[PDB]
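> Build the 3D model from these lines:
(chains A, B, C, D, E and F, ligands or ions: 6)
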Amino acid sequence: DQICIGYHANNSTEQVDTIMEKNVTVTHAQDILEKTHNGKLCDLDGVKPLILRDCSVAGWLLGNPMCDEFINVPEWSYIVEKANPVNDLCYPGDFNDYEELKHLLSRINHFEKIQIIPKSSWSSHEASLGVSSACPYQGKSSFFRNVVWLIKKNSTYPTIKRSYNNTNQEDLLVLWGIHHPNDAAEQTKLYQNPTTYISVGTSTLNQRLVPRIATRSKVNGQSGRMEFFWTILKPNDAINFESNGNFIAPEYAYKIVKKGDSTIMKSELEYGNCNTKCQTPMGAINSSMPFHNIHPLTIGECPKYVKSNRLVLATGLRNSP
Amino acid sequence: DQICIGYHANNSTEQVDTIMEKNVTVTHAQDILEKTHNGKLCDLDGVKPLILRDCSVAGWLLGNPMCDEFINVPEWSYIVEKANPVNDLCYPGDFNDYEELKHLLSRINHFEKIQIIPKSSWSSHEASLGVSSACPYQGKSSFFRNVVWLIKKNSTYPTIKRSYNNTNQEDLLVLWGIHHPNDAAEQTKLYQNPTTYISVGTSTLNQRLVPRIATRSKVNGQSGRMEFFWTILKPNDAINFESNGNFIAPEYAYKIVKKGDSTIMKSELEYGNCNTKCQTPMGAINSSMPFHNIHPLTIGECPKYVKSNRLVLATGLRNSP
Amino acid sequence: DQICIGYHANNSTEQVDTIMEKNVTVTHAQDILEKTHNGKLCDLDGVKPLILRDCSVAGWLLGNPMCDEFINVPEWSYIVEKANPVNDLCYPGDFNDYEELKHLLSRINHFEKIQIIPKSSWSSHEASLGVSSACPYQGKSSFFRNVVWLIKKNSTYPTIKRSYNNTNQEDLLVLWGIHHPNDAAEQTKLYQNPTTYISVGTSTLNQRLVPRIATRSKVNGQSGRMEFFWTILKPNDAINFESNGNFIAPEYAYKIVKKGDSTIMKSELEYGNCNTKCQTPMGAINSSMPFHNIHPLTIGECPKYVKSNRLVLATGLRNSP
Amino acid sequence: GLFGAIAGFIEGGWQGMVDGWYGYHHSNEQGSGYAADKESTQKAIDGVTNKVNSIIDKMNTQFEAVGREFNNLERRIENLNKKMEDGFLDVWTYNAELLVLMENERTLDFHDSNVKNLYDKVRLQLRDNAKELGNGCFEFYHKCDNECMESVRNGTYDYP
Amino acid sequence: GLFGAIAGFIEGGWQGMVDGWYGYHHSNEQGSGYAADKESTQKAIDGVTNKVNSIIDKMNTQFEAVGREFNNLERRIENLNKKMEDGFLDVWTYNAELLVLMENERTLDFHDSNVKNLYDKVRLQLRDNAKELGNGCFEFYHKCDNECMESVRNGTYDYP
Amino acid sequence: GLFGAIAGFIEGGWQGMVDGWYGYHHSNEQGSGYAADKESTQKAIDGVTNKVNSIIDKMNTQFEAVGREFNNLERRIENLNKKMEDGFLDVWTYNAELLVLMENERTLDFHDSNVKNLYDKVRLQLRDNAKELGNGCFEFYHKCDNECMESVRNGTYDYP
Ligand SMILES: *[C@@H]1O[C@H](CO)[C@@H](O[C@@H]2O[C@H](CO)[C@@H](O)[C@H](O)[C@H]2NC(C)=O)[C@H](O)[C@H]1NC(C)=O
Ligand SMILES: *[C@@H]1O[C@H](CO)[C@@H](O[C@@H]2O[C@H](CO)[C@@H](O)[C@H](O)[C@H]2NC(C)=O)[C@H](O)[C@H]1NC(C)=O
Ligand SMILES: *[C@@H]1O[C@H](CO)[C@@H](O[C@@H]2O[C@H](CO)[C@@H](O)[C@H](O)[C@H]2NC(C)=O)[C@H](O)[C@H]1NC(C)=O
Ligand SMILES: *[C@@H]1O[C@H](CO)[C@@H](O)[C@H](O)[C@H]1NC(C)=O
Ligand SMILES: *[C@@H]1O[C@H](CO)[C@@H](O)[C@H](O)[C@H]1NC(C)=O
Ligand SMILES: *[C@@H]1O[C@H](CO)[C@@H](O)[C@H](O)[C@H]1NC(C)=O
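Residues are numbered from 1 along each chain as shown, chains lettered A, B, ... in the order given. Ligands and ions are numbered 1, 2, ... in the order given. Take a look at the structure below.
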């Protein structure tokens, strides 16, 4: 008559690592790392992303005429942008402090756009003539839809003195530009006046832009440059423009709905018609796993990212053959 | 006749945590996390902080007339400043490289202020008329005390040409500014000359500033701006000002006694007349605990900060009931 | 008769540390920290570094004439520059975005110097009298070998227009510079024209520099200032220079051969005539240890820096006397 | 195994014991079989369930990367940004991996200890009524039917 | 606990032993009481203090926050700086809390194992002379007064 | 030492077993000497070597410092950069130092656990044929020559 102390075994083929032994078979393990995603871009709590497709953030905010899908877009959870969108600044140039802008954009879910300075309202200057073949729309020369390329009226450019006060209670993002022509005469052809400047004021803005006539690389068949600028106009405060040439006028501004909690991710991926509570640039995550190894960059209720290929816990004992 | 092997109990009610079990009563424990502070700003090894009250660093350095508490102040351990001090640049403007300057202040314990260009010293320009009702002292319009707002004399503003040689063995902080009027009339009314500049040179400095007559919102009833600059004057180097108007002249400068090791902290608290060895923005710490969870920013011999709410070690054994 | 269970001792004197006991003698230990180095700068896998000796990076690239040892240097593994190279900008001044260029140099192993604007080639400007006694070569006043300090020919500085097109498959580093005289006469003497500029352009560059006449300390007995700029020219893009004076034109530019993996390290050390696979600014590491404590900055096949003085593992057991 | 029992002096696990992690096989006159020890099983489950819960929690504070863009002439601070975010992932990955390596070892020794304890409990309790075979098993000197075997299983073997 | 002495084969602590961490209770004709074992207690105290001094030291290197200010259009490197500091704080917090969770466990097991060793010292010495009751206690067959009891305590039992 | 054998109930190592880590001493009528035990030794060598290889790998991701220059008016980011790189070195030095500390403790105990399991292995085997001397050694009652002594080492002692 015998009594024996012993312990569970079973057909588990499951293995865990230790410091002194690798690949130890256990009766019971817990794999705590997510390695699968769905490969799609999905809504985030039923709230679709701004998928800028071929349009760059700049090409959206200025209304590149090839970015008419994004004239006024609904609130978004995150924004998705390609590596190298072909529809950036149609007219070659520079967006000044672009990244510092993007940063704010990254903490913004909604823009409601509104008119600040009407295209009708330019008494003394023409502004339907500011169109470039470099910015085509539907065949015909065009330009950024939210700003206005004012040209001379009857060989005269009278000093502009226009002004806007912010009587919406949301911070207003305001965009303007200058044109640096390529030759001494282009200046004269377009605006008449030889030496020019654009001077921008707010409570905190003290700016005087001045054009930069220089000989440079044809790029999108263009030898001149737009050079765009922006500011946040606090609500109940006025911006004060003034120029005697080269002014790209604000026509539209963006009303901020600072909703908060967003990101611009980099994805050559199309929209995928799904929901998810966690999204990565590579696809969306669905697990209770404490961790995943999909992608460092995620938005939403997410596992912690690690660089491991494998993370598994013993729960049971060494499974003996 | 029995002999038994056993271990200590007691009435300890102290719990400690482990990986496998929480709330384990031990017979002895060592709480190692400090959770208390005095709630006050105190001296740091008998050396009182510069507590800027309602003045901001800028407001102190250029001597806002509302900031007279700090016209000359003794060596400091640390500086305390509020989140939104009311006494800043009274006459609206900017301070330039403000933060890079405040960074230096993080490594300085004592200034000593000395005259470099006396107010009397101006033969051909008036120096008592550059005052503004925005910078009032005692009800009377005044101005930043360490700089001189030079104004035109008998209706001419003759080119300025001044030069200072550092005949102290210290690095020297040197502060100057430029006025940006809001119309060409103010330009004429104040300085006569309509196309001005300021030039400044040291071994390393190569700057020619120039006013920006733009049109802007009233901030403290002012539509002008000052924009203050600064530099570090090596000993046996000379600074070389030159201007035909808009020039806010150095009257004063600060002699750096670079006693090293300091912080500008952000606290709405007043002086508390305590002394201490370790100080945070919420209060000061008196302990030997290796760690603390009061606030991440400290100055002096401090425990290590952690975000824990509780850090207790076993030393004794599981205490049975 | 006795059988006994027992264990190894020996004359091992090796001690290792634990949490609860320090200095525990063990029969066997494995020291895993590298404490030693050869104390020299050595080639890195047969490939000699560029040891700039007294020349600063700036001094090397513009070709300061005390830096002729480096007129065309071969592919290098790493660069060594001293803390305060005596031979920098001979003509006092500033190297614009210097640190951002030194960055690029970090990721570059070979430059090949080529002419892009011959010295002979300047028809309407004198290209040989741009020499200063601050930049001496063999007793005689010289100047930055890779750029040309153009001066007036017969009292006319005709507006410059030159253009270089990159037809190599490499990116090309183009260096130029502007000159800031100290007085009106100086300007007038050297260039004729009193209000001058240089306007530089490529597909991505939109520049217009303007001389900055002010009055400043004699550094190297020179009162003026050079201000050198730089760009990277894409292969098949063209930089389009234009000036009426103050121009320090290109003559040479460097073609990049970007073999990557290099640093600039800082070392008062000379060349050591040795090979290694792991180099620190202090000397090089010949070792198999996982870790070392020599210096944190290394290049090559390298053990991991830690700040420890000692890291010894127990392998054997507590060595009992 | 630190504690000598599992894959030690008990050479293998029991496929037959499907009811708990530690227990008994008794073999006598009326037949035989297995009976899991509920108490140690239930202590072991708890200890392991807290362990894992503790492993999930404490690794929840973790660094969350944030994308951030820098232009052609801001290389240094972008590279700062790179080396910094990569640095934290390496710290947290090192951390998570090494903790798993460590606590997996502690779990295996935990189970080993649980078995050694149970053995020692049974062994003392069988003072000198049985030949400790040295293989997990005790052979009685007297007959020990299902009423008696359960006596040991009970904790209340002890012929008072 | 791993070694099965504390709250294990020995159900509980002794409120009446105020003299040390582990030791003896004896009971015979002349009456009874406690006696703390000096050497095992003293090894426990040294082990435990060294650990606490070790725990304090290896942590003193830790990251120190430092105030840094950034203007309105320096938001990207402000966030960097913020993510950078919160980063090291989460890493040090984790480090410190966990080492405490880990070393706490190891301390308790240490005490468990100190009692177990002390039991075995006594268990051997008492060889064939006492019924190992199995609860911490040995019962002599041959009467054992204070000169004898102190014999075991002394570690110089043995009928040589 | 946790497992109570090394520097425990075995006072000290054997200067004369130059052949392995754990082993046997016999002393009988035909002479006396030492025999290293191959299995426990070889299990220990493997376990330790893995530990070392483990320690080296898992520490191989580790932060690499990259040199970076800044101008007179870039003091904040240079300092950011400095306290960033110093910061990782401190996290890695702690991680490395503590791992050595921790695992050294575990190594020593492993050897302890190994010597113990061997003593426990001999003690079951020798059943009741030998006085367990309390000191590492067992004294047989019946003459045990070299053929007998190898019956113990062997594993095939026990009179069948
Ligand atoms: C922008 O417009 C607003 C509202 O029209 C101005 O603020 C008002 O100005 C009056 C002037 O006496 C103040 O007393 C009130 O506080 C303001 N009204 C409201 C309803 O807020 C504002 O000042 C304008 N911006 C500037 C500075 O030109
Ligand atoms: C600032 O003044 C100091 C001393 O008053 C100048 O240094 C002297 O100038 C001469 C010029 O030939 C030097 O050779 C001497 O070495 C200096 N004398 C002493 C006592 O050190 C200094 O150069 C002045 N600043 C400048 C650069 O103009
Ligand atoms: C730099 O020179 C190159 C070649 O000399 C120019 O590229 C050529 O431009 C012609 C224009 O008719 C194109 O059709 C060719 O495709 C280009 N050549 C080849 C074979 O690559 C280049 O455009 C010049 N740079 C600029 C912007 O003017
Ligand atoms: C562990 O097991 C895996 C199979 O799951 C195998 O690929 C790997 O090589 C093993 N590692 C070692 C070193 O034993
Ligand atoms: C530990 O004890 C505290 C009471 O002091 C309690 O609030 C806490 O929830 C306990 N933790 C757990 C999970 O048992
Ligand atoms: C350990 O030993 C070294 C000598 O090698 C000694 O300097 C050091 O102080 C010792 N540490 C302690 C705390 O015993």
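> hmm, stretch A:279-287 touching chain D?
No - remark: stretch A:279-287 sits outside contact range of chain D, by Cβ under 8 Å from any Cβ of the partner chain, the gap being at least 8.7 Å. No exception for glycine: its C-beta is placed from N, CA and C like everyone else's.
> Let me have that stretch in PDB, keeping just the CA atoms, if that works.
Extracted C-alpha coordinates of stretch A:279-287, given in PDB (Å, rounded to 0.1, in the frame of the first residue of the first chain):
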ATOM      1  CA  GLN A 279      -4.900  52.300 -34.400                       C
ATOM      2  CA  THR A 280      -1.300  52.300 -35.700                       C
ATOM      3  CA  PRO A 281       0.100  53.600 -39.000                       C
ATOM      4  CA  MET A 282       0.300  50.000 -40.100                       C
ATOM      5  CA  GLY A 283      -3.200  48.800 -39.200                       C
ATOM      6  CA  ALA A 284      -5.500  48.400 -36.200                       C
ATOM      7  CA  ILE A 285      -5.100  46.500 -33.000                       C
ATOM      8  CA  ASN A 286      -7.700  44.400 -31.200                       C
ATOM      9  CA  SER A 287      -6.500  42.800 -28.000                       C
END
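> buried sites along it?
Using 16 or more other Cβ atoms under 10 Å in any protein chain shown as the burial criterion, the residues of stretch A:279-287 that qualify are A:279-285, A:287.
> Give me the phi and psi for residue D:125.
Backbone torsions for residue D:125, taken as degrees, to the nearest 10, come to phi -40, psi -20.
> from chain D, which residue is nearest to chain E?
Sorted by distance to chain E under Cβ to the nearest Cβ, the residues of chain D start with residue D:124, at 3.6 Å.
> Show me which residues of chain A sit near chain B.
With Cβ under 8 Å from any Cβ as the criterion, chain A meets chain B at residues A:161, A:199-203, A:205-208, A:237-238, A:240, A:242.
> Among the residues you listed, name the ones in helices.
Judged by DSSP state H, helices contain none of the residues of chain A next to chain B.
> Dump those to JSON lines, plus neighbour count.
Converted to JSON lines, those look like this (neighbours: other Cβ atoms under 10 Å in any protein chain shown):
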{"residue": "A:161", "neighbour count": "10"}
{"residue": "A:199", "neighbour count": "21"}
{"residue": "A:200", "neighbour count": "23"}
{"residue": "A:201", "neighbour count": "24"}
{"residue": "A:202", "neighbour count": "20"}
{"residue": "A:203", "neighbour count": "15"}
{"residue": "A:205", "neighbour count": "19"}
{"residue": "A:206", "neighbour count": "20"}
{"residue": "A:207", "neighbour count": "15"}
{"residue": "A:208", "neighbour count": "17"}
{"residue": "A:237", "neighbour count": "19"}
{"residue": "A:238", "neighbour count": "17"}
{"residue": "A:240", "neighbour count": "20"}
{"residue": "A:242", "neighbour count": "19"}
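> hang on, the earlier thing: and the residue of chain D closest to chain E, what is it in contact with?
Residues in contact with residue D:124, defined by Cβ atoms under 8 Å, 6 or more residues apart in numbering or on different chains, are E:9, E:132, E:134.
> try it again with 7 Å
E:132, E:134 (Cβ atoms under 7 Å, 6 or more residues apart in numbering or on different chains).
> my guess is it is in a strand, correct?
No - for residue D:124, which was evaluated using DSSP: H, G, I helix; E, B strand; the rest coil, the result is helix, with no strand membership.
> How about the residue in chain A positioned nearest to chain F: what's its closest non-neighbour residue?
Relative to chain F, the nearest point of chain A is residue A:20 (4.0 Å; Cβ to the nearest Cβ). Excluding the flanking residues, the one nearest residue A:20 by Cβ to Cβ, 6 or more residues apart in numbering or on different chains is residue F:47, at 4.0 Å.
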